[PDB]
């Protein structure tokens, strides 16, 4: 009985919601709020704890990009602070390898990061690893075959169709085949040994196209597009299916949750968030 958690996000300002969808019975749980509202954050689960990483806070006094790492324990319904990252990272990407959290890219004000750092829960500390080849914010991150892939994003002057792959044992990055489409703020995840990149912003419009990467053929292939165009969408995989949550379609902040079935190659809408929003962190546990 694993739940899809969605944390934070953006609707007229950074949000503090933590809510959880149960795909088996279709209900939403309202859990304890983030202590600090943030949009542009990422979520992930390690050892049954939920982590909320990075992002951006809007407050009466001004805007603050976040270096925070916060931990939610579903047993106690309580958030606790963990050690903060070396730098603030808004529009961060995150992936998990061997119980370690990788924070990749993101921005601090006008600074567009190529640095990457690694968190070890057992010691509660962060260490920098090798930096990416490209500065990327709005980057999608996916973990496959114990490698970390960073897909698309914005390097500070151009929105990117490029992607690169990180080798944890060698501690190095190598560029891989570029996507068919430029995308920043896409949903990127792994399903059935393929990397999917859904939606995003190509510099002109929000996108509803979806493409997937096969690591052995080294080619990106379009699959069925989503019903709604969306950028800054949340994404995760639950029981063989991709779920995309929220995002911005150019006019509205979506509450739509769509579900992709790879067997049938079709998207269907499965629920609505309790309110429309973009820029959420999403994880499953």
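Residue numbers count along the first chain shown, from 1.
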**Asked** Per the PDB record, is the mean Cα temperature factor higher over 137-145 or over 203-211?
**Response** 203-211
**Prompt:** In this PDB entry, which of 161, 80, 115, 90 has the top CA B-factor?
**Reply:** 80
**Request:** Go through 245, 44, 224, 41 one by one and give the residue whose Cα B-factor in the PDB entry is largest.
**Result:** 224
**Chain third (lowest, middle, highest) by recorded CA B-factor, residue given as residue 109** = highest
**Item:** Cα B factor band for residue 273 (lowest, middle or highest third within the chain)
**Value:** highest
**Request:** Among all modelled residues of this chain, ranked by Cα B factor, put residue 130 in the bottom, middle or top third, i.e. lowest, middle or highest.
**Result:** middle
**Prompt:** Which third of the chain holds residue 68 when residues are ordered by C-alpha B factor: lowest, middle or highest?
**Reply:** middle
**Prompt:** When the modelled residues of the chain are sorted by Cα temperature factor, does residue 7 land in the lowest, middle or highest third?
**Reply:** lowest
